[PDB]
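Undergrad: Here's my sequence, what's the structure:
(2 chains)
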Amino acid sequence: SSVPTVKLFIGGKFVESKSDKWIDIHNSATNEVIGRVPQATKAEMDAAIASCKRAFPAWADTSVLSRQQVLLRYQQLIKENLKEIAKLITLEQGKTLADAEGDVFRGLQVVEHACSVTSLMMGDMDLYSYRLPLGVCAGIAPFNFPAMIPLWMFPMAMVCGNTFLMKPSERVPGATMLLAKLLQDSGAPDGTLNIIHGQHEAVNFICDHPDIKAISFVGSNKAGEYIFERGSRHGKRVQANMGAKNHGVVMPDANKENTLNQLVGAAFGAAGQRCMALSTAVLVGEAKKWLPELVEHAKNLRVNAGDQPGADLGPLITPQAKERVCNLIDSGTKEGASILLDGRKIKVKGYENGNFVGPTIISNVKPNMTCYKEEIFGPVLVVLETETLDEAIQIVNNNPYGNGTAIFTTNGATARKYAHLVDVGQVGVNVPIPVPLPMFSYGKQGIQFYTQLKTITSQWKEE
Amino acid sequence: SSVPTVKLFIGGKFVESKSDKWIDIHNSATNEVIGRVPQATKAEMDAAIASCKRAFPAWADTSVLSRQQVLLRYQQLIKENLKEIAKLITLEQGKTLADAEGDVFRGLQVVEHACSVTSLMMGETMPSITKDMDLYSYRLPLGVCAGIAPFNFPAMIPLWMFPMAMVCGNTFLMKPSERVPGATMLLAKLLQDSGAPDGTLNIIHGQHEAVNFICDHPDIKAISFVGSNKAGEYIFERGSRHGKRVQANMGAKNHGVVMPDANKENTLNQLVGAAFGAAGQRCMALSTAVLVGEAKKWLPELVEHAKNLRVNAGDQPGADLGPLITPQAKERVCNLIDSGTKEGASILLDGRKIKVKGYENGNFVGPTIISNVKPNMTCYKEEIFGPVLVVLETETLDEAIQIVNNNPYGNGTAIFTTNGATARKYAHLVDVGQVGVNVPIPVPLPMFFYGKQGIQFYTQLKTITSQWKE
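TA: Numbers count the residues shown, from 1 in each chain, chains lettered A, B, ... in the order given. For reference, the structure is listed below:
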């Protein structure tokens, strides 16, 4: 009758929430409610913070080797229960089983990397370089890679000696809850990790509470800047990889078939619901003639539920995103954007009630049009036209923000020129996704962030 | 005389400043005008930025080995021109010859350290991560950089700041202090003599308007500043607004703690040398001290030692502390001492009425020791920036640690004791990164700037993923 509720995580126990506000988790494949996520109340969040504070000293006093072994056990458990995580992802977010498994494998690789770190966490002029932890940390997850967000923050935040208070995606909490259950089963001390669900109000609380020494967030630029400002206001550490559009340049000498295939796979893969999604492209020179074949390749994609075989792309997380992308495409058409493929009114047999949206391609887009300004975060690929490499480079640089940029070409001179003159953190050559996840502002940067330094100097020979 | 002006340095020529607004440089020992520093106009700053941008590409494409050679020749010239820089510093800033010598010595040491960033500038690569797929990262300069130094350390701070941006491949626009630009001009001349490509370094002089320009201009990528807390916070906020990365040392407050189980004579000597050292004008000055236990009964010995300090001009011998930076600084120090006295703090030692024979016109202020200070008093909250020592009375180490923690912009302190457990307790409880043990100043080298961290700051990473399959 009543769908199950999403439990919290305080003091090493999945306690139930007393809040009255509940959000229904609608299955993106059929819009069927499959869960209920509550909004953490003030008392619940205060108890979570108290548990994190009480666990901080004990967890920190332990040696780096104990935390390393705990994280190794957690990684082993994840590897054992990878199929469960994949099924939970395909159920909640509707992502394909293959893409979910790949995401879980990437998260496991990130965890392993976090484990491979050496004793670096420790670090008459007797001097020391003790790098002590910060304290109670927190994190906010977007709707792109919810199951993987905790796998980025928990390993480093813990091995560094800090307690974490996670804010998972209220619309995809199952994956994070399963990951936390596995972590607890790994043998970690009770109270080391805590989890609370909520909305913008919860983000405000987290950014306002003083005990929160650091916070990490990824997603839209608006929320990113908002969290950055509200955190810097309270004088606490903040780091966020702002989501941005990626521009995939295509030279005429590049491999036409392979380039088109990779573009159609990256842009429309998982309905473009990736922060590294290649939502934009630039056809240089004769590449303009590839629009018909690009549309054909896009059509060749097989739309189907994430749990069914042969599913190349899944539906949108929520119907609100479908309405948003529809309105964006309508505005683009009104402004004069020449659309070539329209998958908005797609009716997937057996799942018409879902948020499925077929591949969409748009050409003749200009930098001043809303299509180039607003982030689609959907199965839409806006195509631009240029006459020379310099034009494409300038167009890509004009973008206010960008995480990754790809250029398909076989000439080494052109590739090097593009990679050197471009102002993007990550540059890919013949690869639409330079890195599976945004590394540009973690690894070394994460170690430097989640820790501090005390240069204890002493000249104590006389006494 | 005509009070020779401080000409600018744009491109490969020391172009004269056409600005109408000028500031007269006064000698702190006699308050006599010795020079006129210009207030760079919009056109001059635009020309300097254009020169920096035009020089950037050639300096970046140049091999790092050539930049290291240039820095080596510059350090050699500094070694040769040590005495000249020391004399210019003693003249303008008013410090003692020994102070300027040590300043240039630390600058040269940091330059030498930076000269060995060759291995650090090298990138990394992983061959064949996937079939016919490779990965490699390139470290590249940020672009054009800027520097804003305080009235203290006109040679050490630039020598710590700009050479890193140079070796990293960036162009630097140094904004020297409004009060002591001569040393910076001499350093720039020496650098130009080192064979550095013209246009790589540019210097402009001006008031807060210059800082506003440097922070507002978009071409500027990174900005560095050292000095007071207010100016540092303002510059950091403006850079964050305009997107400029700013690294600033604003926690200039420093506290000293002395336990009864410590070397009395040596601790007192070190405190007297650090607090009143160079008239206590340096940012990282130990102008605050917390006396615990028998330190209260030792305070008389501290005053006796402070009385031994000979207030005399730097040019003359026996100079332990020189005159203040400006007469307004002396007025402010006197006002702060008077406020502390009115607030009930006993002035165990007074130096306001000091009169150096032959240099009364200067801004000389003798050692001042203030006791009975409390957290609610102004002398504790306000930064003195002078030869004044505020002494707060506490009973246990916990009280001193709490007093230190009450000052968040206090990233610097030291503890004097003999027990290792006490030192560990002080290091842990105190929320300060630079914690010293039986040392007056905890490694004057400040940071949020230099070393490998400096390279990371003045450089960026570009992850390149290339798969030349076919």
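Undergrad: Just the strands from the stretch 151-300 of chain A, written as ranges.
TA: A:163-167, A:193-195, A:212-219, A:237-242, A:247-250, A:280-284 (DSSP state E, counting those that start in this stretch).
Undergrad: These into CSV, with extra columns for distance to residue B:121 and mean neighbour count?
TA: For the C-beta atoms, the positions are set from N, CA and C on the backbone; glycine is no exception. Putting the strands of the stretch 151-300 of chain A into CSV (distance: least, C-beta to C-beta, whole Å; neighbours: other C-beta atoms under 10 Å in any protein chain shown) gives the following:
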stretch, distance to residue B:121, mean neighbour count
strand A:163-167, 35, 26
strand A:193-195, 39, 25
strand A:212-219, 29, 23
strand A:237-242, 25, 20
strand A:247-250, 29, 27
strand A:280-284, 32, 25
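Undergrad: May I see the ones you listed arranged in JSON lines, with distance to chain B as well?
TA: What follows is the strands of the stretch 151-300 of chain A, written out as JSON lines (distance: least, C-beta to the nearest C-beta, whole Å):
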{"stretch": "strand A:163-167", "distance to chain B": "18"}
{"stretch": "strand A:193-195", "distance to chain B": "24"}
{"stretch": "strand A:212-219", "distance to chain B": "11"}
{"stretch": "strand A:237-242", "distance to chain B": "12"}
{"stretch": "strand A:247-250", "distance to chain B": "13"}
{"stretch": "strand A:280-284", "distance to chain B": "17"}
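Undergrad: Tell me which of those strands sits nearest to residue B:55.
TA: strand A:247-250 (29.9 Å; C-beta to C-beta).
Undergrad: so which of the strands of the stretch 151-300 of chain A gets nearest residue A:130?
TA: Closest among those, once you apply C-beta to C-beta, is strand A:212-219, at 17.1 Å.
Undergrad: Show me what that closest one is packed up against.
TA: Identification of packing neighbours for strand A:212-219 by 3 or more C-beta pairs under 8 Å, 6 or more residues apart in numbering or on different chains; DSSP states H and E yields strand A:136-140, helix A:149-159, helix A:200-208, helix A:221-233, strand A:237-242.
Undergrad: can you redo those as a markdown table with distance to residue B:185?
TA: Output for those, formatted as a markdown table (distance: least, C-beta to C-beta, whole Å):
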| stretch | distance to residue B:185 |
| --- | --- |
| strand A:136-140 | 48 |
| helix A:149-159 | 47 |
| helix A:200-208 | 47 |
| helix A:221-233 | 37 |
| strand A:237-242 | 40 |
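Undergrad: re the thing from before, the strands of the stretch 151-300 of chain A: which one's closest to residue A:415?
TA: strand A:247-250 (9.8 Å).
Undergrad: Which strands and helices lie in contact with that closest one?
TA: Using 3+ C-beta pairs under 8 Å, 6+ apart: strand A:247-250 touches helix A:256-267, strand A:280-284, helix A:389-398, strand A:404-408.
Undergrad: I'd like to check which residues are in contact with residue A:358.
TA: Going by C-beta atoms under 8 Å, 6 or more residues apart in numbering or on different chains, residue A:358 touches A:301, A:303, A:341, A:342, A:343, A:344, A:346, A:379.
Undergrad: buried ones in stretch A:71-85?
TA: Using 16 or more other C-beta atoms under 10 Å in any protein chain shown as the test for burial, stretch A:71-85 gives A:71, A:73, A:74, A:75, A:77, A:78, A:81, A:82, A:84, A:85.
Undergrad: Quickly compare the helices and strands packed on strand A:247-250 and say which is most buried.
TA: When the helices and strands packed on strand A:247-250 are scored by mean count of other C-beta atoms under 10 Å in any protein chain shown, the highest mean neighbour count falls to strand A:404-408 (a mean of 28).
Undergrad: Neighbouring strands of it in the sheet, and parallel or not?
TA: strand A:247-250 (parallel), strand A:426-429 (parallel) (DSSP bridges).
Undergrad: Could I get the buried residue list for the helix or strand just after the last one?
TA: Under the assignment DSSP states H and E, the closest C-terminal helix or strand after strand A:426-429 is helix A:444-449. By neighbour count with 16+ other C-beta under 10 Å, helix A:444-449 contains the buried residues A:446, A:447, A:449.
Undergrad: Just give the nearest non-adjacent residue to the last one, would you?
TA: The reference is to residue A:449. residue A:239 (5.6 Å; C-beta to C-beta, 6 or more residues apart in numbering or on different chains).
Undergrad: Can you give the distance of stretch A:128-147 from its chain's centre?
TA: 14 Å (C-alpha atoms, centre = their mean, to the nearest Å).
Undergrad: Can you check the distance spanned by it, start to finish?
TA: 39 Å (C-alpha to C-alpha, to the nearest Å).
Undergrad: Enumerate the positions of that stretch that are buried.
TA: A:131-147.
Undergrad: Can you check which of the strands paired with strand A:404-408 gets nearest to residue A:368?
TA: strand A:247-250 (16.2 Å).
Undergrad: Only alpha carbons, please: show the closest one as CSV.
TA: What follows is strand A:247-250, C-alpha atoms only, in CSV (Å, rounded to 0.1, in the frame of the first residue of the first chain):
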residue,chain,number,x,y,z
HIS,A,247,32.5,21.5,-27.0
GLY,A,248,33.5,18.6,-29.3
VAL,A,249,35.4,20.0,-32.3
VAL,A,250,35.4,17.8,-35.5
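Undergrad: Residues contacting it, please?
TA: By C-beta under 8 Å, 6+ apart, strand A:247-250 touches A:259, A:263, A:266-267, A:278, A:280-284, A:287, A:290, A:389, A:392, A:395-396, A:399, A:402, A:405-409, A:418, A:432.
Undergrad: what do you get for stretch A:229-238?
TA: For stretch A:229-238, the surrounding residues in contact (C-beta under 8 Å, 6+ apart) are A:134, A:204, A:207-208, A:210, A:212-217, A:227-228, A:449, B:240.
Undergrad: The same query, at a cut-off of 10 Å, please.
TA: Identification of contacts with stretch A:229-238 by C-beta atoms under 10 Å, 6 or more residues apart in numbering or on different chains yields A:134-135, A:137-138, A:203-204, A:206-217, A:224, A:227-228, A:239-240, A:449-450, A:452, B:237, B:240, B:408.
Undergrad: need the residues of the stretch 301-450 of chain A near chain B, please.
TA: When proximity is defined as C-beta under 10 Å from any C-beta of the partner chain, the stretch 301-450 of chain A approaches chain B at A:404, A:406-407, A:410, A:412, A:415-416, A:419-420, A:422-431, A:433-435, A:439-441, A:444-445, A:448.
Undergrad: Select only the buried ones of those residues in ChimeraX?
TA: Selection of buried members from these for ChimeraX, criterion 16+ other C-beta under 10 Å:
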select /A:404,406,407,415,419,422,424,425,426,427,428,429,430,431,433,434,435,439,440
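Undergrad: how many other residues sit next to the residue in the stretch 101-250 of chain A positioned nearest to chain B?
TA: Residue nearest to chain B within the stretch 101-250 of chain A: residue A:232 (7.5 Å; C-beta to the nearest C-beta). By the measure other C-beta atoms under 10 Å in any protein chain shown, the count of residues near residue A:232 is 14.
Undergrad: Indicate the residue of the stretch 251-400 of chain A located nearest to chain B.
TA: residue A:255 (7.0 Å).
Undergrad: what number of residues lie near that residue?
TA: 16.
Undergrad: List the contacts of it.
TA: Residue A:255 neighbours (C-beta under 10 Å, 6+ apart): A:261, A:262, A:408, A:409, A:410, A:430, B:469, B:470.
Undergrad: try it again with 8 Å
TA: Residue A:255 neighbours (C-beta under 8 Å, 6+ apart): A:408, A:410, A:430, B:470.
Undergrad: helix or strand right after the helix or strand residue A:34 falls within?
TA: Residue A:34 belongs to strand A:33-38 when assigned by DSSP H and E. Using DSSP H and E, the helix or strand that follows strand A:33-38 towards the C-terminus is helix A:42-61.
Undergrad: and the helix or strand just after that next one, what does it pack onto?
TA: Toward the C-terminus, helix A:42-61 is succeeded by helix A:64-80 as the next helix or strand (DSSP H and E). Packing partners of helix A:64-80 (3+ C-beta pairs under 8 Å, 6+ apart): helix A:97-116, helix A:149-159, helix A:173-185.
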